[PDB]
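Structural overview for review
Here is what each chain is made of, one letter per residue.
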Amino acid sequence: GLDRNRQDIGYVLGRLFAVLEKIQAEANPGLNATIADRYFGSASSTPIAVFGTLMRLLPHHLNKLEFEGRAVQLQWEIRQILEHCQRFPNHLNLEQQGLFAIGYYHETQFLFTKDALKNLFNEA
Amino acid sequence: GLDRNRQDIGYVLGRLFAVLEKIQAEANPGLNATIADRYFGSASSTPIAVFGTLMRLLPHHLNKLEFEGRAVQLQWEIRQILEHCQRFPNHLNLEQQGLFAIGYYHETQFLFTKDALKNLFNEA
Amino acid sequence: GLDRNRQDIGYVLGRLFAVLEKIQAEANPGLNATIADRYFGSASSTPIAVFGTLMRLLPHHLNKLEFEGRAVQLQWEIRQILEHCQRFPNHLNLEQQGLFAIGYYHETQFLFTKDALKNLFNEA
Amino acid sequence: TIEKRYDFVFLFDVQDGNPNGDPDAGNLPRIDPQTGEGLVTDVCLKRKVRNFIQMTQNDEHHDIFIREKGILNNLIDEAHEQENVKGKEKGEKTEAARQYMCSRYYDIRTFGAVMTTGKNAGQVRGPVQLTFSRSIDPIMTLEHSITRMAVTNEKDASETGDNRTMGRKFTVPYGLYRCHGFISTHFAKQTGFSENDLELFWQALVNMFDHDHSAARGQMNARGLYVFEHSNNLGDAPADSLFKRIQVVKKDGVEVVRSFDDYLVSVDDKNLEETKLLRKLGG
Amino acid sequence: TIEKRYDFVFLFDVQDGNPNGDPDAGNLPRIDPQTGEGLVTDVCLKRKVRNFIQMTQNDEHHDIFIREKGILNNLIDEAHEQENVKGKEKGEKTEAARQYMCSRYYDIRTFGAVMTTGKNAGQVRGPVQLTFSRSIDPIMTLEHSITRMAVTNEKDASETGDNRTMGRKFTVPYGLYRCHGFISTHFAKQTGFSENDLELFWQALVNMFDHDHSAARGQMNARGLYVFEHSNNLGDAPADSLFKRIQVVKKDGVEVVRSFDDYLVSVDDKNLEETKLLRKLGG
Amino acid sequence: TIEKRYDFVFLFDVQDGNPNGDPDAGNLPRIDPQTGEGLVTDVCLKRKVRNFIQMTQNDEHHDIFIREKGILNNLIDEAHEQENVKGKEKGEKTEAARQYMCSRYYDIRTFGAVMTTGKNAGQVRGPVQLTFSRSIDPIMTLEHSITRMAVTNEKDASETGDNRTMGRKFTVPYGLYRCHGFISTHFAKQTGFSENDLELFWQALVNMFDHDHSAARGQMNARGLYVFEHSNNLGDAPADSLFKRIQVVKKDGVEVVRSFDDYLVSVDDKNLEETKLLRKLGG
């Protein structure tokens, strides 16, 4: 059910949030706490505040990740996502709130798939 | 029994609601309060109002759950179930409203079973 | 996707930085070091020093580029990107740092095109 | 007795409170499951009328039949010891009871009533009738939860986290509501409904809600009251060719409605003026 | 007993903290799911004024009837030992009970109550009623996480670190909240609301907040309080035609409101002097 | 106990380091997203004061509630066994526990605590409260990265060629922060706040930063604290007027602020001191 181009801000933001959570999780194993839990409600309500800080935090995890191939593939997926969106909205609507969770969950399901992401890198 | 992929909207929404309820249950053990009277009436016609709002606060309950295995298992289960949907509908036909209840009860029966979710997770 | 003239500092400067990154990466096939991450957090914090230094860095990487048509196309596009800007602000607030990252990732996909930049130079 | 015949339309909104709650579904507002629109049963609005009169008139010839706490059979029997103690000999003794009742209690003289419990005193259909009233556009109920400082009893003597049971309150962010009302004449001639009662009734409608504020309801108002006036005891034109001339429409710009500025009201007076009349009351 | 019915508008701003409590199901400030506006439940504002009374008068005829450790059933029962209620009857029991309860308290005299738990006493409706309040412009929540120096308990989490669980403190950067209130004389007769009591109410609102602080609440303060009074026991104009006279608007050249300076207040009194008095209280 | 309602405005600045570490994202200064201002959480202030008192006094009736490692339930059970000397009714037992606490720990008399988590001991309220403090002007964050001479652990990271422990020690070139605080006499009576304890509080503020230095923290200094003393037990004026009597203005000449000289403090007390007592305690 992972659409590639839904273009709804909620869906794409949920995809982005899933990417962020997975990156952070793979970055350091010894951590049960999830940034998703700490930020989910505020993010789905309004993305500007949480997302600015998340952007600032991203490079640290990105570089300190041990393996290079995971880093390049994650950056590539970020590229494949960001071109739909344009600018962080100030506020969300209800259907957007739901579609955000939908996109997040869909992207999580795609990421847990073992090799498909590596493939999509390969056709690039 | 329970259809894995009946794919009609009411059934999947009912399964989703049942899982959320069970999460609320184990998250707060010393409690009897049921989201049942809270949101069956909402769920029948306009899920678009209620489902996303609940989803906002699922992560808190999930984290407050003490045991990691149950949390991750239920996480994977809801990832599986949400695959079928693509968009929260705003209105439901009569048969949809009933089949929502049928799905809820089938899902509750399946979850309360002793080890089924364990087996499915172990497959994952 | 991207915009040539979104007309804000973060977007354009991130476009600038990604341009520089690909220039240096392509000019040296034997360039394992990830200069991108080396200055990314720096620029997101404040560019007033890093970009000035990178400017004097440029001509060496320019000359040691193997193919000269690539180089001339590069200074061409650099001309269009920098024409929009009018000054360097030392301090950088959060939202335009977000737009900085947005512009970076957006224009990276433009960079990855097989022949687009050559074409853009062709109508020039 | 009234020598005309009236049909009217009524427009009232709700701001942040449960207008009338299902006696069964907890207390949540009454909504139409298939279309998700609101409902306000007529008896509720009629009861508001009766309360208004109770506060305003307080004499005889405007006493009200239904009260906060009373025995109906007592009110019937009391009428049974008027002058006509038995002189009508059970043939129109009941009819005499009807006449006396309708002589006193403005409620019965206006709306219908049933008095056949003990010593049966008759039935009246009622010159005035009102329809259910429903919402133009769907509404979404915002459930709440609230808490009380102290426990009612000692049965839950201990105080714990699950203790201090919350209990709830329901609200509706906005809406709007259409009401359709009919006035008969031939029925009016029976129970002496008089013009003066009608004037009182219009003032009752326009000023109903200010004199009724509870905890749950919150603010309500009256947006419009339009009256179409026949010109014959005979029905001059049918109902719909009247009602369709007053059309209320969601404005385009907003997707979610929040206040009366959003909606738009249109009154159509093409050629009905020739016999029928239209008078504006709400505004 | 008070005579002239009143209406009033109230404007209070929360500075840097949870203005109303968590909805008890998902702990945040109370928020409109759709519009992005913010709400404070009226009950909270009512409880604030109750506390101010409890700490201000401290006299018989001013007891409060809901206290942090009171148990309602015993409070009801003890009222059954007054001399008047000794020898009475079913209806008379209840009526005398209501009279005594309204005699001794002020909470009951001003806001309604339910007294049917054990030995029954009845209900009251309360001359004074208040609505929900709503935020003028959408509020942008902030969530904060903070740590505890020491473990809560020598529990399973008896480990040295508290980095596993921290707990959070939500907050709101700024806003305004608008509230409406009604005073109805028609009920004052049933409870004995008196002029001195109304003066207490007015003095109470303006100083409700300063005498009440807490960690979670953070600074709050009250800005505006405008009261219209009618000339006669019947409303001279309906409510809304009044409430539109008082309007607040976000300033022209501001994108985000961050203080009281941002908003702008305006008052309309072009004709209001028909039979109505506009007393300015808040400022 | 206390004598007059008390209010105070508080200022303090940081030359370098991290005033408060946000655990949301790394350890950035807690910053307001939209306006680019830095919130200093109050709980930090309160912890600093507790630490100072723990440092100096060290005597009974002045023990500090939240020590470095103390497990709370041992303290509450210790008190209960101490007042198992009472061993009496639950309400009395809880109240006696409260009293023994308030007698013992300066923290509790000074600020509340939820002791009731274990064997119940109640909810104190605390008569001193402080709000969040926010930077007067937008902050400036300058990330820094540094090098380790040696690897943390004998792992795969023990390679000389690659070092990644760049570390992060954020800081601020300069700023200021403003806070408001309230001391309400009445609540003391439940906890028995005493004059001397308030005096030690006044002392602990102006002399705090000298006893709290850390590597990550860096230099801080308090600039000016002002105390308003209420004339009588009820507030003679609203807090807002008193607070806004004090103003801070960026110097016109400067566009970037790097030192106290770049700011100007304006204090005004011509008339609103007619019954208030302004003490310019510091600065």
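Listed as the method for this PDB entry is cryo-EM; the listed resolution is 3.4 Å.

Remarks on the overall build of chain D
Counting secondary structure elements, chain D contains seven helices and 13 strands. Counting over 283 residues, chain D shows a buried share of 45%. Partitioning the intrachain contacts of chain D with sequence separation of at least 6 by distance along the chain shows that 73% fall at a separation of at least 24. Only carbon and sulfur atoms are counted for the fraction: they give 52% of the accessible area of chain D, which is about 14,300 Å². If you average the places of the 37 positive and of the 43 negative side-chain charges in chain D, the two averages end up 3 Å apart.

Some points on the overall build of chain A
Of the regular secondary structure elements, chain A holds six helices and zero strands. Of the regular secondary structure in chain A, the N- to C-terminal order runs α-α-α-α-α-α. By the compact-globule yardstick of 14 Å for 124 residues, chain A fits well, its C-alpha radius of gyration being 14 Å. The proportion of buried residues among the 124 residues of chain A is 58%. Sequence separation of 24 or more characterises 78% of the internal contacts of chain A that already satisfy a separation of 6 or more.

Overview of the interface of chain F and chain E
Contacts between chain F and chain E engage 37 residues on the former and 29 residues on the latter. With both chains or domains summed, chain F and chain E bury close to 3,000 Å², and 53% of this area falls on carbon and sulfur atoms. In this structure, the connection of chain F to chain E is made through four salt bridges. The shortest N-O distance in the salt bridge between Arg 223 of chain E and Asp 240 of chain F comes to 2.2 Å. Run the count over chain F and chain E and you get ten residue pairs in polar contact. Of all elements in the fold, only α1 (42-56), α2 (72-82), β6 (177-183) and α7 (239-244) of chain F reach the threshold of two or more residues within the side of chain F that touches chain E. Split into classes, the residues belonging to the side of chain F that touches chain E amount to 13 nonpolar, eleven polar and 13 charged.

With respect to the interface of chain B and chain D
Listed by partner, the interface residues are five residues for chain B and six residues for chain D. Both faces considered, chain B and chain D share a buried interface measuring about 540 Å² in area, 41% of it formed by carbon and sulfur atoms. The interface formed by chain B and chain D contains one salt bridge. The closest approach of N and O atoms between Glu 143 of chain D and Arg 38 of chain B, which form a salt bridge, is 2.6 Å. The interface formed by chain B and chain D holds one residue pair in polar contact in total. At the level of secondary structure, the elements contributing two or more residues to the side of chain B that touches chain D comprise α2 (35-45) and α5 (94-112) of chain B.

Brief notes about the pattern of salt bridges
Applying the stated criterion to the full structure yields 55 salt bridges over all chains. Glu 83 of chain D is the salt-bridge partner of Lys 88 of chain D, the closest N and O atoms lying 3.6 Å from each other. Assessed through its relative accessible area of 58%, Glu 83 of chain D is described here as exposed. It is possible to trace a salt-bridge network through shared partners that takes in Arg 258 of chain E together with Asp 32, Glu 37 and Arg 134 of chain F.

What about the side chain of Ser 145 of chain E?
Residue placement: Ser 145 of chain E occurs in strand β7 (residues 142-145). Residues within four places of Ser 145 of chain E in sequence aside, it is in contact with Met 166, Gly 167 and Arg 168 of chain E together with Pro 23, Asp 24 and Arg 30 of chain F.

A look at the packing of aromatic side chains
Aromatic ring pairs: the centre-centre distance and the angle between the two ring planes describe each pair. Applying the stated criterion to the full structure yields 47 aromatic pairs over all chains. Their ring planes at 65 degrees and their centres at 5.3 Å tell us that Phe 65 of chain E and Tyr 105 of chain E sit as a pair that is edge-to-face. Within this pair, whereas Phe 65 of chain E is found in the loop between α1 (42-56) and α2 (72-79), its partner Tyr 105 of chain E is found in the loop between α3 (90-104) and α4 (107-110), the two being separated by 40 residues in sequence. Of the two residues examined, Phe 65 of chain E and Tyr 105 of chain E, each falls in the buried class. One aromatic cluster in this structure is built from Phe 17, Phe 40, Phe 51, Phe 88, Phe 100, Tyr 104 and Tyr 105 of chain B. The ring of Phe 111 of chain D is capped by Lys 46 of chain D, whose NZ or CZ atom sits 5.3 Å from the centre of that ring. Over the ring of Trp 202 of chain D we find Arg 279 of chain D; its NZ or CZ atom is 5.5 Å from the centre of that ring.

Re the environment of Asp 7 of chain F
All names here are of chain F. Along the polypeptide, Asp 7 turns up in strand β1 (residues 6-14). Between the C-alpha atom of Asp 7 and that of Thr 116, which follows or precedes it by 109 residues, the distance is 30 Å. Beyond its immediate stretch of four places on either side in the chain, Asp 7 contacts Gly 181, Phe 182, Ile 183, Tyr 226, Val 227, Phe 228, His 230 and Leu 242. Within the structure, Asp 7 has its side chain in polar contact with the side chain of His 230 (distance 3.2 Å).

Comments concerning the pairing of strand β1 (residues 6-12) of chain D
Residues and elements named next belong to chain D. Extensive coverage of β1 is indicated by the burial of seven of its seven residues. Here β1 shows a buried face lined by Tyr 6, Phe 8, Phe 10 and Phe 12 and a second buried face lined by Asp 7, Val 9 and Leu 11. Across six bridges, β1 lies against strand β10 (residues 224-229) in antiparallel orientation. Residue pairing in the sheet places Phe 8 in a bridge with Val 227 of β10. Alignment of β1 against strand β9 (residues 177-183), held across six bridges, turns out to be antiparallel. Across the sheet, the residue bridging to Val 9 is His 180, located in β9.

Side note on the packing of helix α1 (residues 9-27) of chain A against helix α5 (residues 94-112) of chain A
All names here are of chain A. Where α1 meets α5, the axes come as close as 6 Å, and the angle between the chain directions of the two elements is 45 degrees. Taken as axis vectors, α1 and α5 run oblique relative to one another. Like other packed secondary-structure pairs, α1 and α5 cross with a definite hand, here right-handed. Between α1 and α5, the residues in contact are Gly 10, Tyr 11, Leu 13, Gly 14, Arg 15, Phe 17, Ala 18, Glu 21 and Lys 22 and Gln 96, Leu 99, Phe 100, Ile 102, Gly 103, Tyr 104, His 106, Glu 107, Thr 108, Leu 111 and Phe 112, respectively. Considering only residue class, the contact of α1 with α5 consists of ten nonpolar, six polar and four charged.

Reading the values: the criteria
- Residues numbered from 1 in each chain as written, not as in the entry; some residues may be left out.
- Chains lettered and ligands numbered in written order.
- Part of a larger assembly, values for the part shown.
- Heavy atoms only, no water.
- Helix = DSSP H or I, 4+ residues; strand = E, 2+ residues; numbered from the N terminus.
- Buried < 20%, exposed > 50% of the residue type's maximum accessible area, 1.4 Å probe, protein only.
- Contact = heavy atoms within 4.5 Å.
- Areas by Shrake-Rupley, 256 points an atom, 1.4 Å probe, with all protein chains shown as cover.
- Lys, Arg positive; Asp, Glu negative; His and termini not counted.
- Charge placed at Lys NZ, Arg CZ, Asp CG, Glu CD.
- Rg over C-alpha atoms; globule rule 2.2 N^0.38 Å.
- Buried area = accessible area lost by both parts, 1.4 Å probe.
- Salt bridge = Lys/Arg side-chain N within 4 Å of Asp/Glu carboxyl O.
- Polar contact = N/O pair within 3.5 Å; in protein donor to acceptor, adjacent residues only side chain to side chain.
- Nonpolar A, V, L, I, M, F, W, Y, C, P; charged D, E, K, R; others polar.
- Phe/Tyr/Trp six-rings, centres within 6.5 Å; stacked < 30°, edge-to-face > 60°.
- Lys NZ or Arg CZ within 6 Å of the ring centre and 35° of its normal.
- Pairing = 2+ DSSP bridges.
- Axes fitted to C-alpha atoms, helices over the stretch in contact; angles between N-to-C directions.
- Parallel < 35°, antiparallel > 145°, perpendicular 65-115°, else oblique.
- Left-handed = near helix turned anticlockwise from the far one by under 90°.

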